[PDB]
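Structure, as structure tokens:
What follows is calculated from the coordinates using simple rules that are stated; it is not laboratory data. Heads up, the Cβs are rebuilt from the backbone with ideal geometry, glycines too, and the neighbour counts pull from every protein chain shown.
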Number of protein chains: 2
Amino acid sequence: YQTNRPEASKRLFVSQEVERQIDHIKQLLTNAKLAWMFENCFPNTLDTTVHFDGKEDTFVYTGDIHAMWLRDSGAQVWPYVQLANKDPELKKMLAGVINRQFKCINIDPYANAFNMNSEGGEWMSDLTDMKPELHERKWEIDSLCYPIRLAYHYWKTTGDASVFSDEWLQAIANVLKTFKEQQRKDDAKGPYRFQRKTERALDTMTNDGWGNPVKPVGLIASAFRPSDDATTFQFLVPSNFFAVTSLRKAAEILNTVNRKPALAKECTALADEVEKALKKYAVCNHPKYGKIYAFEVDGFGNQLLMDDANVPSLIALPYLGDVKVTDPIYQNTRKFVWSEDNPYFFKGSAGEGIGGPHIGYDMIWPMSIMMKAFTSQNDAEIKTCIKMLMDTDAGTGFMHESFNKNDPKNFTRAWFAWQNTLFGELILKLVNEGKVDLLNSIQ
Amino acid sequence: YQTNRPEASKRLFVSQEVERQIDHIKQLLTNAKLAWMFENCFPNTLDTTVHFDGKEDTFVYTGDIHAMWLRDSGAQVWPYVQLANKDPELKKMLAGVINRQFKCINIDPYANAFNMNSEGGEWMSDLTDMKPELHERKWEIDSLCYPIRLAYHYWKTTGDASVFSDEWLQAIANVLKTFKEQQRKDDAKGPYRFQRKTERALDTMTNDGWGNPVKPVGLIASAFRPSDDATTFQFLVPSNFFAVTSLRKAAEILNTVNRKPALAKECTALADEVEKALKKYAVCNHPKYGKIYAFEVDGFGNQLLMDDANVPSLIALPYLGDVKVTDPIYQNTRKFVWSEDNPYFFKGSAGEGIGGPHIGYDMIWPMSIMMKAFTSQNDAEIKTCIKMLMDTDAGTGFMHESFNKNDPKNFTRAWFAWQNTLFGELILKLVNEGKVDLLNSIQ
């Protein structure tokens, strides 16, 4: 069993603390394959996607796609924050990620993906206001939430508030302006419009680029989902939940750090409005599972019952910390999403899980399985999830975007940094929780 | 007030009975504008779209779009059937339409539009199995229902069953095969797949061309709506209702005419299954309007609450005769669709009505207003509808596809034969019902 990591000399970024961490788990885990996968995945982001300038800037690619997603980057380095206090170089690189994310938001708060400079790209021709610094401009609420989540954890972990300077002040102001604009209270259309000539229905918006209408009930419209697919009803519930928590984190930062009570109150006020609207528009009395959370709503009364593997998702609500795992409505939702009553839940001879319209029928995303484990309150459940991830890797030793429910050999995206980071994060979390014996019991 | 009809010498098809009909209403109506519009609209199909070979074939164009829609053609000549018993040439032309429709269905029961021969067209490159005889291959349930509706009315009206020969036998068999295939009980995918590289989200299907998943509860999946837009949840309720009635009509034909009890029973059995599934999947307990009919459902539990102007529609249910106008659930639905709770109901300074995602926000389709009048049980309501159609024609004296809720001058499709036929049909129906005094009361 030889590692699939590039090579000491080919690795883009090296973190000694990270290296010490995998050494520990390797000698701690008794399953050769599991340890092998952890060594390949956990450091993947550092090994092949991190571009640190040694100063205050860090550019992070997603892997397969040569660009930087605010979402992917915010998650790709997330599990490293807990090691920053023991690695000065790592800590500086993390601050560089945050600094770059905030600069991206200020370039275009509606964009989901950015280029290192201004090389533009194939999507420059999209029917929307483009800029050479952008790789893609699909409006996704979670794009603005992930950076805040990272910066907050970073700050609380290291105590370093140097990342909350002028750039941050402008970015947070742009997040509020964009969130408010997308509540679409004044006009059903607005500043953001998007269409693209493609054969993929969810890569373009309906109604001349304005998307399906929404009734301004206080929720924030999201043109696209964290899966990069267009929403059916724009008030994406999982992303709105993520927005509430992110706004509250920013408010705490603006208060204790920048000491700007006015701007913080705006964050809090918006969070309260979105949270109240969620409580009366995002809940559905399902006849089989009881009260559950809808995936998307339009404010007119329509509610889409389903779930997509991409985080933020309904099942991942507790992972991001938007709801307690004990939330009764969440538990009911958890049962629903992992059943044949969810149009995107698939089950075959290779395993089961949630997929989405992005790849299509029978294609399950391991991300959904990992989130099931991350939010699990039962060791037996966690064990089956880990083993399933192990048996559906097609011997590549990496995490893929999706695989066929009847044949893992049929999979997409062999190099998905965000997914590998999540797997390393899961195993590390389990270990730090004293569940090593559980992992070591894997056949 | 000079007529907008082409010219006696430029008219494609001439019907003396039709000419006598407009002469009667002209001297009967006291409103110059109304009479003018009736003379322009009622005969529009005959004046500019009918191509009769003098034998057993009739090709009918839609007008703006140079092709034949099974849907449009079946409606464009509908109101003429009641005059066939007094016009031999007209009667033969109607039989030629039916004959051509059945031949189309046998060419490709999944296609919605056909060419006169095999000139192909711009959609030949669509990501689906194309044929030069086809103009477009968007699967729309109503495409197979409209021809049956016409043939049945024709037969019951004239007594001529010569249209139910070998071609009809093959076509009806194709309708059953196609309907059954689209219940998608054996596989969530099937023989029909469709995608197109376009910027219009509803001109392509999600999930690699298979559309959004459906749970095989007995309903028939419809890839696209009578508006030519892709469905969100494939079990289109209005079209499934239309399917039930059409199947029952065909069963009666197969029994009394072709005397084939076996094939007829298959039609009846399918109708019963679809009807039962409608009763338990297409109904929604709306908290504001009570029990109403959903627009589309997926069988998993999702229900789309809205309405589109294109017939078959929810409001037009009684018009096509799929439900009694007295149906309580229909009445509740009628209130809902004509309110701000319907995402596609628009109201402005020019008037109000239903539109759809096809053209976009604020664009109301007069078809919705006409259907409101057609299904109305109140003279006052009918009067406002007629006057609204009169005040939103932009002085063109014709029926348009849609107009801006705040400015009728902003409209689409100046030449829409199907719509003109419907307006002439509405006025004629009102007159034959002794409501001339009502029309003559229009200011």
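Some observations on this one:
- Residues that are among the charged types (D, E, K, R) and under 17 Å from A:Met37 (Cα atoms) within the range A:384-408 comprise A:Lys387, A:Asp391, A:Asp393, A:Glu401, listed in sequence order.
- Inspection of the range A:304-318 finds a residue satisfying the criterion of being surrounded by fewer than 22 Cβ atoms within 10 Å (Cβ to Cβ) and under 23 Å from A:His153 (Cβ atoms).
- Only listed residue being within 20 Å of the chain's Cα centre (by Cα) and surrounded by fewer than 22 Cβ atoms within 10 Å (Cβ to Cβ), chosen from A:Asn117, A:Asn85, A:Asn99, A:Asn112: A:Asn99
- Exactly one residue out of A:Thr396, A:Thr375, A:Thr384 is touching a helix residue (DSSP H, G or I) at 6+ places or on another chain (Cβ under 7 Å) and of a type in the set (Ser, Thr, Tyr), and it is A:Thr375.
- Any chance A:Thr62 is touching a strand residue (DSSP E or B) at 6+ places or on another chain (Cβ under 6 Å) and closer than 23 Å to A:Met371 by Cα: yes
- Only residues that are part of a loop (DSSP other than H, G, I, E, B) and within 23 Å of B:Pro226 (Cβ to Cβ) were counted across the range B:42-69, and they come to 8.
- Subset of the range B:197-220 [at the interface with another protein chain (Cβ under 7 Å from one of its Cβ atoms), surrounded by fewer than 21 Cβ atoms within 10 Å (Cβ to Cβ) and in contact with a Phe, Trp or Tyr (Cβ under 9 Å, 6 or more places away or on another chain)]: B:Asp208
- Qualifying residue in the range A:232-239 (condition: within 12 Å of chain B (Cβ to nearest Cβ) and free of Cβ contacts under 8 Å to residues at least 24 places away in the same chain): no
- For the range B:120-132, filtered to residues that are in contact with a helix residue (DSSP H, G or I) (Cβ under 8 Å, 6 or more places away or on another chain) and within 14 Å of chain A (Cβ to nearest Cβ), the residue that is surrounded by the fewest Cβ atoms within 10 Å (Cβ to Cβ) is B:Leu127.
- Qualifying residues in the range B:291-306 (those that are small (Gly, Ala, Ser) and farther than 19 Å from A:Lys215 by Cβ) - the one farthest from the other protein chains (Cβ to nearest Cβ): B:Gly299
- Where B:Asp229 falls short, out of the listed (1) more than 19 Å from B:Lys177 (Cα to Cα); (2) without any contact (Cβ under 8 Å) to a residue 12 or more places away in the chain: (2)
- For B:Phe42, the conditions (1) surrounded by fewer than 20 Cβ atoms within 10 Å (Cβ to Cβ); (2) at negative phi all hold with the exception of (1).
- Top-ranked residue in the range A:164-196 [being under 23 Å from the mean Cα position of the chain (by Cα) and basic (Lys, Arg); ranked as farthest from the other protein chains (Cβ to nearest Cβ)]: A:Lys177
- Qualifying residues in the range B:1-41 (those that are out of contact with any helix residue (DSSP H, G or I) (no Cβ under 7 Å at 6 or more places or on another chain) and of a type in the set (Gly, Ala, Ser)) - the one nearest to B:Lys86 (Cα to Cα): B:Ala8
- Hits in the range A:333-348 (condition: buried (at least 18 other Cβ atoms within 10 Å of the Cβ), away from chain B (no Cβ under 13 Å) and assigned to a helix (DSSP H, G or I)): A:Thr333, A:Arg334
- Subset tally (residues that are crowded, with 24+ Cβ neighbours inside 10 Å and part of a loop (DSSP other than H, G, I, E, B)) for the range B:227-243: 4
- The residues listed here are A:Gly290, A:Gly321, A:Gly299; of these, the one that is within 18 Å of B:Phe300 (Cβ to Cβ), surrounded by fewer than 22 Cβ atoms within 10 Å (Cβ to Cβ) and not polar (S, T, N, Q) is A:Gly290.
- Flag for A:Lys156 being basic (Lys, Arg) and either farther than 28 Å from A:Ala84 by Cα or surrounded by 21 or more Cβ atoms within 10 Å (Cβ to Cβ) (or both): no
- First in the range A:166-186 and closer than 17 Å to A:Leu70 by Cα, second anywhere and among the polar types (S, T, N, Q) and assigned to a helix (DSSP H, G or I), Cβ under 7 Å, 6 or more apart: A:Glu167/A:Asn99; A:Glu167/A:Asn106; A:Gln170/A:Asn106; A:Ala171/A:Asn106; A:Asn174/A:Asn106
- Residue check: A:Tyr330 meets all listed conditions (1) surrounded by fewer than 24 Cβ atoms within 10 Å (Cβ to Cβ); (2) free of Cβ contacts under 8 Å to residues at least 60 places away in the same chain; (3) over 13 Å from A:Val237 (Cβ atoms) but one, namely (3).
- Residue check for B:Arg248: surrounded by fewer than 24 Cβ atoms within 10 Å (Cβ to Cβ), away from every other protein chain (no Cβ under 14 Å) and in a loop (DSSP other than H, G, I, E, B): no
- Count - residues of the range B:278-295 that are small (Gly, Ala, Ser) and under 23 Å from the mean Cα position of the chain (by Cα): 2
- Pairs meeting the criteria (first residue in the range A:192-215 and free of Cβ contacts under 8 Å to residues at least 60 places away in the same chain and under 25 Å from B:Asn342 (Cβ atoms), second residue part of a loop (DSSP other than H, G, I, E, B) and of a type in the set (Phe, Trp, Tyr), beta carbons under 7 Å, at least 6 apart or on different chains) are A:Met205/A:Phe194; A:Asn207/B:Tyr361; A:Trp210/B:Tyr361.
- The residue that is farthest from A:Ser73 (Cα to Cα), counting only those in the range A:412-433 that are aromatic (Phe, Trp, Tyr) and buried (at least 21 other Cβ atoms within 10 Å of the Cβ), is A:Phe423.
- Residue satisfying all of: in the range B:312-332; within 19 Å of the chain's Cα centre (by Cα) and in a helix (DSSP H, G or I); farthest from B:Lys288 (Cα to Cα) among these: B:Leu320
The rows are residues; the columns are (1) surrounded by fewer than 19 Cβ atoms within 10 Å (Cβ to Cβ); (2) within 30 Å of B:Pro213 (Cβ to Cβ).
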position: B:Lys91; (1), (2): no, no
position: B:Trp139; (1), (2): no, yes
position: B:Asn174; (1), (2): yes, yes
position: B:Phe179; (1), (2): no, yes
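Yes or no, residue by residue, for (1) within 14 Å of chain B (Cβ to nearest Cβ); (2) not small (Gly, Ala, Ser):
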residue	(1), (2)
A:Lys279	no, yes
A:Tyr289	yes, yes
A:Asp308	yes, yes
A:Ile354	yes, yes
A:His358	yes, yes
A:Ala373	no, no
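- Residue within the range A:68-75 that is touching a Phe, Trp or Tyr at 6+ places or on another chain (Cβ under 7 Å), more than 19 Å from A:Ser118 (Cα to Cα), acidic (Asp, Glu) and surrounded by fewer than 19 Cβ atoms within 10 Å (Cβ to Cβ) present: no
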